[PDB]
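Presented below, as structure tokens, is a lone chain in the form deposited in one PDB entry.
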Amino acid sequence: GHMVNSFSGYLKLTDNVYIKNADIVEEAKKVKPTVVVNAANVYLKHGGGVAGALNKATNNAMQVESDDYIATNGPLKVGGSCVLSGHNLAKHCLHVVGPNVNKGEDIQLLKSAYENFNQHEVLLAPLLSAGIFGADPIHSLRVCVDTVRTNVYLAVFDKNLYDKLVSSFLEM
């Protein structure tokens, strides 16, 4: 049978949102998901954070394909997305651009970002904008839970952040 989208060890937060303390790259190898989400910039230049880890795991294939896409089509809009190959990690990678709060981009665009998730049944995803782009992780989670109606399995790398998110959620 197909052991595709074989998620295990997630906490169910809502009907359609699950969360786990895991490296999204390790989850990708284990699950072989249809879609993995990248927390991208508009240039798909995969730096630190999730983007760099995903790219490193593809031996730079993601960056080469991303360079090609951007050469052809130009940059994404903040809040926008594109579907590219998941290479050796997944069938597809949904590249989504959260607002860069560190450069004072409108936090409103984080709702636009998560809206992209609704075009896909099942996603393995991180918290958009909550790392290098300097949004409050609890805010990213709230906007995710409030916006996404499809099945999202969130991977949080940092144990302490995972614990703060889960406690903060289960108080309301």
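So that the term is clear: the rigid core is the largest set of C-alpha atoms that superpose within 1.5 Å between two forms. Sequential numbering from 1, following the sequence displayed.
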Q: Going by root mean square C-alpha distance after a core fit, say whether 44 to 52 or 116 to 124 is farther from the shown form in 9 other deposited structures of this protein.
A: 44 to 52
Q.
Which is higher on mean Cα B factor in this entry, 139 to 147 or 27 to 35?
A. 27 to 35
(Q) Highest mean C-alpha temperature factor of the two stretches 99 to 107 and 112 to 120, which is it? (A) 99 to 107
**Q.** residue 134 - which third its CA temperature factor falls in, relative to the rest of the chain
**A.** middle
**Q.** Third of the chain's Cα B-factor distribution that residue 156 belongs to, per the entry
**A.** middle
Q. Taking the entry's C-alpha B-factors for this chain, is residue 126 in the lowest, middle or highest third?
A. lowest
Q | Third of the chain, ranked by Cα B-factor, where residue 71 sits | A | highest
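Form solved in complex with a small molecule: not shown, discussed below.
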Q) Looking at the partner-bound form in the bound PDB entry, is residue 94 within 4.5 Å of the small molecule by any heavy atom? A) no
Q: Considering only heavy atoms, tell me if residue 147 and the small molecule come within 4.5 Å of each other in the bound PDB entry.
A: no
Q | in the bound PDB entry, residue 58 touching the small molecule (heavy atom, 4.5 Å) | A | no
**Q.** Touches the small molecule in the bound PDB entry: residue 32 (any heavy atom, 4.5 Å)
**A.** yes
